[PDB]
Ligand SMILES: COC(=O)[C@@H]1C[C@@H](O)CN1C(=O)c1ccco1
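There is one chain below, alone, in C-alpha cells, taken in the form solved without this ligand.
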C-alpha cells in the first residue's frame, strides 16, 4: 500500500505529524505502533509513552500521592477525622489510572477510524528500503510480514526506552514501565536515579506505601536533579527527606539478589545493603532505534543510538526524518509535538520551521513540584559577562499553619545583568508547573526583570514573588559569584 507519509510510532510526535499531514496538508498517512492499548507486554502503545506509561498516568498518581499531605495538612485548618481509619488504596489508584489511559487509547482508535487518509497499522515497523516500511508480527526481523508500506516520506518517531545497568540481578529490577502495573504498593522500594522519574516515583510510593513502609532513592552524584537550579536541588532533597524519603547520594547498586522470602537484597558499590520489595531503575532513557533495521537504508545514528538530525529533523537520507525522543534532543511530549508539527509544515507546507529547544518551560511533579524555564545561573555565568540572580525563598504562611514548615517556596530569576534580559526562571513549591507556563511566553518575548517587577502582582499567590523582586540577591561576573 502507498502513502505520502509513513510514521513509525503512534506517540506524542508521530500523532501530531500524522494528523497534521493528513488533515492540514491532505496527505495520505500511515502510522504504525506495536499495541492499541496500554500495558504489558510492550507498555507504550497507540498514544505514545506519555499517554500510556509517562506524563498522563504519572501526573494522576502524583495527584493521588498529594492527598497524603492534604489529609495531614487539613488538621492545621481545623479538619478532624479518624487518622487510624486512613488507608491509601493503591489498587483503586491503579484501576482509576488504567481506565483514564484506556479511554485515551480508545479515543485515538476512534480518531483513526473517523479520519480519512489517516490509517493505523498494528505491529513492528522497520525500514526495508528508503521508500518501504515493513510492519512485522514482532521486534524480531524474521517474524511474519503484516504489511509493506510504500512511502514517499518516512518519519521515525519510536521514542525512548528505559536504560537498565548490566549489573548482576538486573532481572530482579523493574523500570518505570512495570511500576505503573505493580498490583500492590511496595512496603520498601529503592528508586535508582536522581532524575525526575526517580524523584516523582519516590513521591508516589512514599504516599501509598503500607504501614511501616520505607522509600529510598539512590543517586551516584552528590545532589539529585542535575540540570535544575542548585537551590531547588538542595530544597527538594530536604523536602523529600522531611516527608520520610531516604535520599542516598554518592550510591549506586552493584548487584541485586533475592532473599529467601523473595524480597530484593541490594548491595551498593559502597557495600551498604538495603532489603526492598521493589528496585525501580530510573537511570536514563535511550532512543529506540534497535528494531528499526536502519542498516537497510543507512540512516546516520549517534554512538548513543539516537537518529542524528539537522535543525529541521532531517536524517542524512532524503525523505526520512526523525522527531521526538528518538533524536535525544529534549525528551518532553510538547517538544516531540512541536518537532512533528514543524517537520510536516516544512516538508508538506513548504513553511520552513525548526523547533526552538531553548527557553522550554518544564516541570518536575515532585512533592512539592518544580517549574522551570531557561538557563540555570551556572550555565548563564559561562555564557554572559554579568549575571544577576533575584531570589525569594520562605515557608509560605499556609504551610506555617498546615505544619509542613519544611515546604520552602523558591523563586529565582536569572538575568543578563548588562540589559536585564531574563535567561532563566526556576520555581519550587505548590503551583510551580502552573506558574511557569506563561513565563515561557515571557522568555519568548525577551522579557527583562523590569517587565516582571513593573507588572502588578496577583495577591495572595506564590506567583507574585516573580513580580516583587527589584534587587539582585547576588551576581556572577566573568563566571565568578559575588555577593
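Positions refer to the first chain, counted from 1.
Below, we turn to the form solved in complex with this ligand, even though it does not appear here.
None of 308, 263, 98, 362 but one reaches within 4.5 angstroms of this ligand in the deposited complex through a heavy atom, and that residue is 362. This chain is displayed alone, yet in the deposited complex one of 214, 130, 329, 354 has a heavy atom within 4.5 Å of this ligand; that residue is 329.
This ligand in the deposited complex comes within 4.5 Å of a heavy atom belonging to residue 226.
Within 4.5 Å of some heavy atom of this ligand in the deposited complex lies at least one heavy atom of residue 196. The chain is drawn here without this ligand; in the deposited complex, the stretch among 141-149, 330-338, 380-388, 309-317 whose residues come within 4.5 Å of it by any heavy atom is 330-338.
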